[PDB]
């Protein structure tokens, strides 16, 4: 019923590991899901609408996990608090590299993708800034930069840096080193005078 939808989504994610969206046809999506081309079009208006949904589930999965984290503070030092948080994005997006990769290229092309990306980045930065302000109220962090400006730049560091390594871009931090690399820069910029 809507299992067909889930089949189209899985087919697309599987196919995107091996070629870009450009070299995948609706034909290829329908085939994989075991439906006709016109039945495909019942569920989605384009291959692009399939990417968008994929990215939507990845982004919301990241977001929900961060909500679960924020509701249950891990009992640990500040370094470990930040690491646990950044890890939500490392694991989540790192488990969906094809979708991550395709979503990011699609930003230049698709206004819906760009907006979806935009909404969640705003949210996570807002959250980052809230935690930093809390850390300054507490007395644990110095009032250096505007919290929102710092949060913005740290989050953009994480987008670029997580995605370069996920794609094996030259240059990039190796994936097995990227978590530590980011946490250092976060902790040191948030706590440093």
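Numbering follows the first chain given and starts at 1. Only the largest set of C-alpha atoms that superpose within 1.5 Å between the two forms is called the rigid core.
**Q** Going by root mean square C-alpha distance after a core fit, say whether 97-105 or 68-76 is farther from the shown form in 9 other deposited structures of this protein.
**A** Of the two stretches, the larger average C-alpha offset in 9 other deposited structures of this protein falls on 68-76.
**Q** Regarding 68-76 and 83-91, which shows the higher C-alpha temperature factor on average in the entry?
**A** Stretch with the greater average CA B-factor: 68-76.
**Q** According to the deposited model, is the average Cα temperature factor higher in 103-111 or in 116-124?
**A** On average, C-alpha B-factors are higher across 103-111.
**Q** Which listed residue, 10, 185, 176, 22, has the largest C-alpha temperature factor in the record?
**A** Largest recorded C-alpha B-factor: 22.
**Q** Which one of 159, 137, 149, 63 shows the biggest C-alpha B-factor in the PDB entry?
**A** Across 159, 137, 149, 63, the entry lists the biggest C-alpha B-factor for 137.
**Q** Within this chain, which third does the Cα B-factor at residue 145 fall in: lowest, middle or highest?
**A** Lowest third of the chain for residue 145's C-alpha B-factor.
**Q** Compared with the other modelled residues in the chain, in which third is the CA B-factor of residue 26?
**A** Its C-alpha B-factor, which the entry lists for residue 26, ranks in the highest third among residues of this chain.
**Q** Within this chain, which third does the Cα B-factor at residue 49 fall in: lowest, middle or highest?
**A** For residue 49, whose C-alpha B-factor we compare with every modelled residue in the chain, the answer is the highest third.
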